[PDB]
């Protein structure tokens, strides 16, 4: 609670969010974003949670074109509870507030969505998000210049057997 935003949209659906604080600002951002891109964010959160195989099976890929199971292994490894917790604890109050607002605003849109701009209405993976889900996305982006480029390679790493 204590979440309020004023949103103006101009041509092409560009939102202009006004708020008195970070929580309110994030509230407006998450709401506006969800109106345009709820399905996209839901899908990418499934990826960052390592739950692609759970919803979509082993034959599918992520939007990064990684196989679902290897992608899941990589993100489960990356976004372990301890890693998320440590990341959260290192955040400034202002950033924590932006993230709390964003989750709440996205979720507000989901509660009122009737399919007008949401093609994945009714899918089990379109669901309320948590600040931890936003941390999962942030950490996924963070490693895009590093270990994320080696996701398949990490999954493939096994000790040698008895071979000559």
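Residue numbers count along the first chain shown, from 1.
For the pair 44 to 52 and 58 to 66, the mean B factor over Cα atoms is greater in 58 to 66.
Stretches compared: 132 to 140, 118 to 126. Higher mean C-alpha B-factor in the entry: 118 to 126. Among all modelled residues in its chain, residue 15 ranks in the lowest third by Cα B-factor. Ranked against the other modelled residues of its chain, the C-alpha B-factor of residue 78 as given in the entry falls in the lowest third.
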